[PDB]
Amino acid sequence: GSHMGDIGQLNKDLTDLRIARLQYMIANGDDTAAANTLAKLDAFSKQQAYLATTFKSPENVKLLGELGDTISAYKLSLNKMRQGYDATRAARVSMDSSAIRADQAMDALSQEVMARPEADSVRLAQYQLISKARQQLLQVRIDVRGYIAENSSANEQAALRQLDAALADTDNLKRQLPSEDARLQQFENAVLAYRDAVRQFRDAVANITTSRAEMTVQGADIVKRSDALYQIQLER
């Protein structure tokens, strides 16, 4: 009954892989957890390969072949999820740096105005406008971070609309303060890059969700075939 035992080891390896992959997502797809998942996958793959050499009956060797095919597909889906998580990380890094660049551009502009020898009433009006723009972008960051924490289409779309509204108002501000165009453009270009990064984060979340949906199917398929190997052995 040793072969029945071998299948026990395989089915345990499967559960362990499924648990590991969910842990990986819980850990926000971090590199440490990715290592652990890759390990559980290799343990499961190694055991499939091992039994492919030791089982002898044609229907068993074939079922093991089928299991091996799904394991190959699973490795590809898992790779896509990993690329997905890397892309969300890269996007977040890009958002942080683009935001800082934007704020610094407004920071430099505000102190360039506080330095100017023009009328106080003029400086006051200008400072009010600039601060309103800085704070609008900060609220956009709050919305985007809300979306990063909770990836709903509702949070996505709200963030995207509010970001476009800030870009629109930045266009307008350029017309209102033409003397400061050079600076406003620094700002706007950074906000445009920030928007590119938010879109990249959104697209990466989609790829993660797609891969997950794929491994859900593969897991169900692997469970099915491994169950069938088990039943054959039990029948002996």
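When you see a residue number, it is the position in the sequence shown, counting from 1.
According to the PDB record, 217-225 carries the higher mean C-alpha B-factor of the two stretches 217-225 and 21-29. As recorded in the PDB entry, 47-55 is the stretch of 47-55 and 205-213 with the greater mean C-alpha temperature factor. You'll see in the entry that, of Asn155, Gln104, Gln136, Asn79, the Cα B factor peaks at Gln104. The residue among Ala119, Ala87, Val93, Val144 whose C-alpha atom has the highest B-factor in the PDB entry is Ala119.
In the PDB entry, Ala34 places in the middle third of its chain by CA B-factor. When the CA B factors of the chain's modelled residues are split into thirds, the value for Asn60 lands in the middle one. Per the PDB record, residue ranking by Cα B-factor puts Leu41 in the lowest third of the chain. In this PDB entry, the Cα temperature factor of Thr15 sits in the bottom third of its chain's modelled residues, the lowest group. When the modelled residues of the chain are ordered by their C-alpha B factor, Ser131 lands in the highest third.
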